[PDB]
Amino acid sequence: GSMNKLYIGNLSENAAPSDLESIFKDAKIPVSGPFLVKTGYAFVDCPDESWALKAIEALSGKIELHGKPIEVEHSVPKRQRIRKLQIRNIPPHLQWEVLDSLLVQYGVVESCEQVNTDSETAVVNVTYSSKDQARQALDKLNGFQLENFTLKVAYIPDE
């Protein structure tokens, strides 16, 4: 899947592209095209998946527009929201078994691969065996506090 495309959500009715330009400028995140602002959400592409990930980590839930914290996520069309998830803000020196002991509560883990990342926290992509499993895992693990880190879970494109 195309992992450099971002979805930006939780925007106020009169969010303008200039607002998003400013936010990305100050976070030192390059974009490769213009911001496309709809109603309450928007889209923009980054030059590559590394910048797109840095944007999610730096911005999402963290920077405000008109007092509303923006959401920044991988852009994933509904038909590609199936089995695959990305988990971020994992405590740095956590070991597989502890993470795994969480993951298997929601189904069978076909694949799990760690993502290279600037931050001290870890990031992994996970493939479950069905759409239903992945949805439950997202619903119960997003926001889960683990060794004082808040896990963040979201869809990445599935084929």
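Numbering starts at 1 and runs along the sequence shown.
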query = Would 102-110 or 27-35 have the larger average of its C-alpha temperature factors, as given in the entry?
reply = 102-110
note = With B-factors read from the PDB entry, the higher C-alpha mean of 40-48 and 116-124 is in 116-124
message = Comparing recorded Cα B-factors across 10, 142, 22, 14, which one is largest?
response = 14
remark   = By the entry's values, the third containing the CA B factor of residue 156 is the middle
note = Binned into thirds over the chain's modelled residues, the C-alpha B-factor of residue 54 lands in the lowest
query = Taking the entry's C-alpha B-factors for this chain, is residue 82 in the lowest, middle or highest third?
reply = highest
